[PDB]
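Don't worry about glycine lacking a Cβ; one is built from the backbone with ideal geometry, like all the others, and counts go over all protein chains shown. Just so it is clear, none of the values below were taken in a lab; they were calculated from the coordinates.
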Amino acid sequence: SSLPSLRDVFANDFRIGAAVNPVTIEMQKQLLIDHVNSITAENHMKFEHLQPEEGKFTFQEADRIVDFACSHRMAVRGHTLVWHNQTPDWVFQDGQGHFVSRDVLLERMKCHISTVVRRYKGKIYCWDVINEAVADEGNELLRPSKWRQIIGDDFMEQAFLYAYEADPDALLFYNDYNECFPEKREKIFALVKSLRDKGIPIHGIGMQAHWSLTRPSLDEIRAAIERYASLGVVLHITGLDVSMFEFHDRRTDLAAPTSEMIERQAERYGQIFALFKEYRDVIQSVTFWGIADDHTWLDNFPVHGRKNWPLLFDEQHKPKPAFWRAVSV
Ligand SMILES: O[C@@H]1[C@@H](O)[C@H](O[C@@H]2CO[C@H](F)[C@H](O)[C@H]2O)OC[C@H]1O
């Protein structure tokens, strides 16, 4: 009751969001009502959860998420239309198991985007149209995917044009992770610059911020913000969490975070939100990929079956030390 509300603390800076599903909306309902003014579907607006078979649309769970958000004056970010994961095999196949043509995959992509975006038009204000198309390793610009293989390299500009036609008032985003490592930052910058230089309706870059205690550095975060902001696009932080484990640290035995971990995490969140506040003119939304440590995808990624403690509230929904530093910047 005397705890500050995240969305009020940052009222003049950016919206505060959380990724949810209908279970976690129930299990974490009071945290959400007390703190966020933005909602993202953690899984139930991905292609496999909206059109699991061709012409079979399953909007029920996404509807419950949107209904919750509208009944509490929360905005909604749509996630996500075209992605190399969580997309059923039928999308790329014909009746005979072969791959479909460029023209056929384009009409399936258009129909999906059209049906999904039209249903939520006027309730969902922005869409992650393309998710994680840039390569995470190597020297090529683009990751391989059936979207890219079948259609060609312009599959992304098609996706953006189809979504703009379906809802020209939505802000359309390119969304990606490890967005602050310099070599991937430059690929993301080059890709988005080239699309905008063609007049493609891409309005925003989504910085997932699946970060650790050490990586990326505050200087890499600042440089990435300024690099993306220089394109004239809107910036959203879309999946923020702060893992207690570096990428090399695949330990399964840890039953509670050390007090060093907890303290470094608090400091890390303080520095991150100070940096965000400083760039309040280009960042308009900060969404955590969860809200409290009783639900996080990091419990099973990248290591199945361990436990992580990445968010501002603990498993009993009490503020962590990180909370106090985050709201005091
Ligand atoms: O439950 C998991 C879900 O949380 C996760 O969502 C992705 C996490 O990394 C980024 F934010 C992606 O763009 C999200 O869609 O991954 C899938 C699911 O198993």
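Provide the percentage of antiparallel DSSP beta bridges, counting only those with both residues in segment 6-326; round to the nearest 5.
Counting only bridges with both partners in segment 6-326, antiparallel ones make up about 10 percent.
Among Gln28, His49, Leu171, whose Cα projects farthest towards the positive end of the dipole of the chain, with charges put on the beta-carbon of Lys, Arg (+1) and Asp, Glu (-1)?
Of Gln28, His49, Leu171, it is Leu171.
For segment 1-142, give me the percentage of DSSP beta bridges that are antiparallel, rounded to the nearest 5 percent.
About 20 percent, rounded to the nearest 5.
Can you flag which of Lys56/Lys110; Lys29/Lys318; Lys46/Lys121; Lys46/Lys193 are past 21 Å Cα-Cα?
Result: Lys46/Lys193 exceed 21 Å.
Using a cut-off of under 19 Å, list every residue of segment 286-316 whose amide N is near the label point 7 Å from the Cα of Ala256 along the Cα-to-beta-carbon line.
Those under the cut-off are 293-295, 306-316.
Compute for segment 281-329: radius of gyration divided by Kirkwood radius, i.e. Rg/Rh, restricted to C-alpha atoms, rounded to two decimals.
Over the Cα atoms of segment 281-329, Rg/Rh equals 1.05.
Averaging sequence separations of C-alpha pairs under 8 Å and six or more residues apart, then dividing by the length of the chain, give the relative contact order as a whole percent.
For the chain, the relative contact order is 17 percent.
Over every pair of different alpha-carbon atoms in segment 128-236, take the mean of 1/r and invert it; report that Kirkwood radius in Å.
Evaluated on segment 128-236, it is 14.3 Å.
In the chain, with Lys and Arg counted as +1 and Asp and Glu as -1 at Cβ, which of these residues, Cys111, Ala255, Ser2, has the Cα nearest the positive end of the dipole, that is, farthest along it?
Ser2
Find, among the chymotrypsin sites (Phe, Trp or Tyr not before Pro) in segment 1-103, those assigned to loop by DSSP (not H, G, I, E, B) with at most 15 other beta-carbon atoms within 10 angstrom.
Those that pass, being in a loop and sparsely packed, are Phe57.
Could you give the distance between the Cα centres of segment 27-66 and segment 237-285, to the whole Å?
25
Using all Cα-Cα distances in segment 148-206, what percent lands in each 10 angstrom bin from 0 up to the longest?
22, 51, 26, 1
Place +1 on the Cβ of every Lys and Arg and -1 on the Cβ of every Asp and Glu in the chain, take the dipole about the Cα centre, and give the residue among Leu298, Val66, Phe99 whose Cα lies farthest towards its positive end.
Positive-end residue among those listed: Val66.
Evaluate the charge dipole of segment 6-326 about its Cα centre and quote only its size in Debye, nearest 20, assuming +1 on the Cβ of each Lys and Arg and -1 on the Cβ of each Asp and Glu.
Dipole of segment 6-326, to the nearest 20 debye: 500 debye.
Using DSSP loop states and a limit of at most 11 other Cβ atoms within 10 Å to flag trypsin sites (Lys or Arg not before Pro), what is the longest stretch of the chain containing no flagged site?
Within the chain, the longest run free of exposed trypsin sites (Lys or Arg not before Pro) spans 74-197.
Using the Karplus curve 6.51 cos²θ - 1.76 cosθ + 1.60 with θ = phi - 60°, what ³J(HN,Hα) values do you get for each residue of segment 109-114, in whole Hz, with x for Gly and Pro?
Values, residue by residue: 5, 4, 5, 4, 4, 4 Hz.
Points 7 angstrom from Cα along the Cβ direction at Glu246 and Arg215: gap in nanometres?
The modelled label-to-label distance comes out at 0.8 nm.
Would you please give the residues with an amide H less than 5 Å from that of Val76, counting only those at least 5 places away or on a separate chain, with H modeled from the backbone geometry?
Under 5 Å from the amide H of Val76 lie the amide H atoms of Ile39, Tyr125, each far enough along the sequence or on another chain.
Listing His72, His248, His203 from the residue with the fewest other Cβ atoms within 10 Å to the one with the most, what is the order?
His248, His72, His203
Rounded to a whole number, what is D in µm²/s for the chain from Stokes-Einstein with the Kirkwood radius over alpha-carbon pairs (25 °C, 0.890 mPa s)?
121
I need the P(r) histogram for segment 210-325: all alpha carbon pairs, bin width 10 Å from 0 out to the longest distance, whole percents.
Percent of pairs per bin, in order: 13, 45, 31, 10, 1.
By count of other Cβ within 10 Å, fewest leading, how are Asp176, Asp294, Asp197 ordered?
The fewest-first ordering by Cβ neighbours comes to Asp197, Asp294, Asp176.
Given +1 on the Cβ of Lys and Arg, -1 on the Cβ of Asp and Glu, and no further charges, what dipole in debye does segment 212-329 carry about its Cα centre, rounded to the nearest 20?
Using only the charged Cβ atoms, the result is roughly 100 debye.
Once the Cα gyration tensor of segment 4-69 is found, what semi-axes does its equivalent ellipsoid get, as square roots of 5 times the eigenvalues, in whole Å, sorted largest first?
Semi-axes from the Cα gyration tensor: 28, 12, 8 Å.
Can you list which of the GluC sites (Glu not before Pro) found in segment 224-329 are DSSP loop residues with at most 13 other C-beta atoms within 10 Å? Please report the intermediate quantities before stating the final value.
Details: sites: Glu226, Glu246, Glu260, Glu263, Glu267, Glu278, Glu315; in loops: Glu246, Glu315.
The qualifying sites are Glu246, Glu315.
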